[PDB]
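Chain lettering (A, B, C, D, E, F, G, H, I, J, K, L and M) follows the sequence in which the chains are written, and residue indices restart at 1 in each chain.
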Amino acid sequence: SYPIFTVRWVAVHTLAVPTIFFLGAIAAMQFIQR
Amino acid sequence: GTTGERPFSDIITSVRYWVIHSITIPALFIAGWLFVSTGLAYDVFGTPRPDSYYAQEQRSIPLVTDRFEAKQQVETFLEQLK
Amino acid sequence: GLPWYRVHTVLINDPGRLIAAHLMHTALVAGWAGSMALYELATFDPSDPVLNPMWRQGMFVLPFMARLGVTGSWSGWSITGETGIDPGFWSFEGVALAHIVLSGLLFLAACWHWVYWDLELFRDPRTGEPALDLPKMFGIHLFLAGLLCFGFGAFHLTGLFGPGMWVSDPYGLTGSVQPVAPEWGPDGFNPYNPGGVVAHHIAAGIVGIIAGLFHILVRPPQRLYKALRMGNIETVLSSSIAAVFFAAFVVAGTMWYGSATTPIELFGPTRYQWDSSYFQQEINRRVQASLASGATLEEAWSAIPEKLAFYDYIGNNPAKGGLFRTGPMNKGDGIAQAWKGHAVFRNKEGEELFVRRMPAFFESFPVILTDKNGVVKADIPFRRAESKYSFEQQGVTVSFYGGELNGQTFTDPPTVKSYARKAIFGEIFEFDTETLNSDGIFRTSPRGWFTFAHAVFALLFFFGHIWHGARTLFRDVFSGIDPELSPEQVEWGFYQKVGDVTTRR
Amino acid sequence: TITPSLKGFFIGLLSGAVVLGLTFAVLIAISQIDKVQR
Amino acid sequence: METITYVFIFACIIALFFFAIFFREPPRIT
Amino acid sequence: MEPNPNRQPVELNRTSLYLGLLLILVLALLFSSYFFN
Amino acid sequence: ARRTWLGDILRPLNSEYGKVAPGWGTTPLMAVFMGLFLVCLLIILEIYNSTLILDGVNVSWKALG
Amino acid sequence: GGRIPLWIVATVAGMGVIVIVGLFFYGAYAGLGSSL
Amino acid sequence: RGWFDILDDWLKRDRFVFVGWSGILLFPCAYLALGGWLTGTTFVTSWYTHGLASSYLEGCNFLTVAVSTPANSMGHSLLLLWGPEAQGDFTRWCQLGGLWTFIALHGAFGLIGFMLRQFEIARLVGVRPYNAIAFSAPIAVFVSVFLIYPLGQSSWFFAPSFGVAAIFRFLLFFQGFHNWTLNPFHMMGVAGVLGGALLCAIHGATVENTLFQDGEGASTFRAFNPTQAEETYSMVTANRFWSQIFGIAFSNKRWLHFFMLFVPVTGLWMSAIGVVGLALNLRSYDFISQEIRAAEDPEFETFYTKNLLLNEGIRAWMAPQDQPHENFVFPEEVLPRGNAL
Amino acid sequence: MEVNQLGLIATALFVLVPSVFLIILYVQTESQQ
Amino acid sequence: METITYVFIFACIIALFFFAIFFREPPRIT
Amino acid sequence: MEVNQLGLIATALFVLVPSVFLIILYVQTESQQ
Amino acid sequence: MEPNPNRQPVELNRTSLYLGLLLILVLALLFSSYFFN
């Protein structure tokens, strides 16, 4: 019996969600041409 | 001793976790990818595109030189790009 | 026994001997003030406030006496150069003597309190143990401080009963001690408005009186008494150190940036005036106004005060010194003797050229001359074999307007180059380098030295705040942690609340 | 006279007030909902 | 420097007078 | 004159003497060049 | 402990060691005053820093005339 | 709970990190910032 | 219970990540500083403040991205988003360098919050506050370098820009313009840092090589139990070894570990003092006696004078691009150069 | 070399004053019972 | 004078090494 | 006045060395049982 | 290592301290003028 949403959940996601977003953005940048 | 949160190994080896995240993780990754590939990042942050650092015949950098007119100076530089 | 770094902790529960030690520190500080003033008087040369002002001579305390209205000597001179002015007792010498006598009296009082430490006043009437009622002490001392602040503002600075304070024009040409009225409007919070100082001390002093009455009459809430350990004098040490390092940072900032309380005729110009060409702009404005009125170039430049020209010179920029380049600014470039005049450079075509000025960052700087549009027209080359802009090639000459060399023109390339090398420093002056055996290397001013000392001390006092505040809040574990510390108190999940055994699961 | 910079200062002060007030209100509400059992 | 040295030595001597008089080891009869 | 009960003896052991002398001498060796300039 | 005339006069001013008001007392009022003081410091800093610019307040030496 | 083995999770995640870093180096040699 | 006490309870709950009252300051500020760095390095340019590209989006790599300082014309402006410079325009704010002051300020307050966290946790668990005390060194370094130094210089522009290569440029600028290596306060800082590394290594190795045999395994880590009362290694044997090898050795563990605290902390504090000096250009740049001798005697040369020539080269060759607001134009013929290079 | 004259006394006192402080403390520790 | 000062300080440090090694307070087990 | 430069350090050491000798002896006498 | 039995404690009382300081300071005051020359 465990809760799902906790302070730890909030911390983990505040770090994780933007990280995936940024990694997608940088991956896309790899294909930009001048 | 543990503080009562569910163990991370238990969470990340569970079917439900991956049911959720096989959707969420790709969605965020694609959101970032599109943020770049649609050009919205340039607009949001004011970052020059490869063809917008200089005017065609220009070689001088558009440096901000006045504190309280800096916004207007940047806007004038952007117009001069056109 | 006590380690060497704890010897003075014997005073923590001995109020009388604490008062004695504080009296000794106060006596030493007052004695230092007197000694420093006497040394500066023995060394100071008051004969040229224009080109040899106090801030060129390494004077540290003299400007502080001058700021609050002490301006004359018993020898008959005044720092403004006036003649036949009698300051009464409160000359520089009188101030020094007063501080020395104060030092002696404080020494004697310290001896008395050290010997008669055991006074009934220092004992709690209920228990007979030494005890100080620190909250009411704070109220009393705040009331007294507020009274002194209000009196300083309402009587000394206003001139109602007192001399006033140092005030000057925006270019530091005609400073003097004047009475100042308070400025109650928004401009009173402008650091460069002296009336704001008067208004602040009046209003803050009144607030001090009121708040001191509050802190005398109203006891601390039990919550705060326990939280801040108001029974422990070390809490006062911690918070007082915090207030002091705050103040030190503030005064360092106002000294470095300039304010109504750091006049340039007392502490020297600021580095930012050089950065912004403040004085050069004023000089050019005056020259252009004269020329428009009809004067010749020689007349226009000869109308420029030597004092203004001297401000327009990088050797007076406080950001040009060195940590171990000791002594007065004079010990560097020399004792300034005269303005040589404004140097106008021209090439063979007669176009005026302008030497690029040295930024404060550079210990050395090349000599480059441009036209009014910023196009390079001449320079002093490093490699000669491919030189295109040499003074020889471009026929550079230099003509002087105003000052010693007024009306003289030079065409010999060595002489012209030497003058350009000096022109990178701004306005050109003749210096006496023999009197002090000056070595020709720039030094900072009292403004710079004060800023350095008080920034460093402020940082160190941040560490002091941390140390003594930690001691206050963790006094019960200063010698180590509980030998019986329950492992459950550090086990995870045992208590619902960290360190609260009442929350056991 | 309310200068543009004074209006901006008001904006910043009010924004900080909103941020801090929301933070503290949320913390107080959560602490009231989820109490420690003594 | 020389004036400072002379005056410093003199001031030290005067302080010594003070301590030798008022902080002497007290005579005590047997 | 009753003695003051707050007095405490002071100590500096030999290792502390050696450490302090090392600190002082090394600081002098470091800063002497800048003092002479 | 030695009694003196001045000590007798000053006695009352050092007689309430440890005395406190119950609970929170005037803490809320202290909190309000602290907030006002902080806002005032922010205003003064922004004026000195030229982030807050007010009519009639020229932050320069030219404020001397 | 432990439906998907943790060693499999770790191996797959490491492969993903390796792929991302490798793509970034490929970018070092292509497109913007390649000097070409 | 009162609402204050209920809130205290919740804040001090034992959970995976402790929050505390200090958390209310630490977590938003630390998150904003870190997130601002990542955001700027990913998407934001330095074109209008430095004439530089500084983000992944422009083509930089992890070594060359940065959140660069604002333009020199900004002076020491706080550059608030709602301030008179950006006037609430987020894009213009980013282009003007508001992210640098954003990061610096939220980071400073985050450091305050983290030190408060050290104090709060120490008080709750009943240990002494020496970790918080030691953290004062990083705070002194950060304040001196990122706030005091630029405050003494012309503007935030000359503070370090938040990036790898930008920090390297900061190092070389300090060498070229300040002769920072010659400064005895940096020298004491170097001693503190290198001596701290030496102590760390030597103590770790000494413990690991004077362990007692408390198990049969060839991997000796399992032979320690955190609740055991006995020392896990032989202080007597370690003392004998170092006495015979190096002449002196520790004999008091408490002094040993305090010394480990003292060395690096003191070194960093000394370096901070030196930087406070440099904020005013109060340098240890020259030795006057050597300069007088060299000026009069063209055959006198030392490594000191050689390094001064190197500094002159650095200044002349880097100033025009590193300080674009000065509009330096140094004709080729004025650049200092040795033979053939 | 034309060095700062006061450097000699500066260095001498910098060494001697703290060193003598330490020596005083150490010897008076040794002489204690 | 400066050379003498530098060398004097160095020689003092070496003497300190000698005393700290061979005239240390001996470690003594309890 | 053009005085002997070494006079300052000569005087300082002449005073300090014997004085510190005496102070050491006195303090270590006081600390004895 | 058996201790050396020839060791003796040394003393300097406060009056001797004062007398010695007086001698040293007065000698310094006397000879300083000749040292400066």
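Here, a contact is a pair of C-beta atoms (placed from the backbone, for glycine too) under 8 Å apart; a residue touches a chain by one contact, two chains touch by 3 or more.
Heads up on the chains, UniProt names are A = Cytochrome b559 subunit beta; B = Cytochrome b559 subunit alpha; C = Photosystem II CP47 reaction center protein; D = Photosystem II reaction center protein X; E, K = Photosystem II reaction center protein T; F, M = Photosystem II reaction center protein L; G = Photosystem II reaction center protein H; H = Photosystem II reaction center protein J; I = Photosystem II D2 protein; J, L = Photosystem II reaction center protein M.
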- Message: Tell me the fewest steps from chain C to chain L, where a step is a jump to a chain it touches.
- Response: 2
- If a chain touches chain G and chain K alike, it appears here: I
- Query: Which chains share more C-beta contacts than any other pair?
  - Reply: C-I
- Item | Interchain centroid distance [CA atoms averaged], chain A (Cytochrome b559 subunit beta)/chain C, Å | 50
- Task: List the centre-to-centre spacing of chain A (Cytochrome b559 subunit beta) and chain F in whole Å, with centres computed as mean CA coordinates.
- Result: 56
- Note on the structure: Rounded to the nearest Å, the gap between Cα centres of chain A (Cytochrome b559 subunit beta) and chain B (Cytochrome b559 subunit alpha) is 13
- Averaged-CA centre spacing for the pair chain J and chain C, given as whole angstrom: 32
- Query: Taking each residue of chain D in turn, which ones touch at least two of the other chains?
  - Reply: 5, 8-9, 36
- Message: Give the residues of chain M touching no fewer than two other chains, as numbers and ranges.
- Response: 9, 13-14, 21, 25, 28, 32, 36
- Query: Residues of chain A (Cytochrome b559 subunit beta) touching 2+ other chains?
  - Reply: 6, 8, 22-23, 25-27, 29, 32-34
- chain G-facing residues of chain I (Photosystem II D2 protein), complex: 75-78, 80, 83-84
- Within the complex, chain I (Photosystem II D2 protein) is touched by chain H residues 28, 31-34
- Item | Interface residues, chain E side, partner chain M - complex | 2, 5-6, 9-10, 12-13, 16, 19-20, 24-25
- Which part of chain H faces chain A (Cytochrome b559 subunit beta) closely enough to touch in the complex? 20, 23-24, 26-27, 30-32
- Interface with chain G, chain C side, in the complex: residues 116, 118-125, 128, 131-133, 136-137, 140, 167-171, 185-187, 189-193, 218-225, 231, 257-258, 260, 278
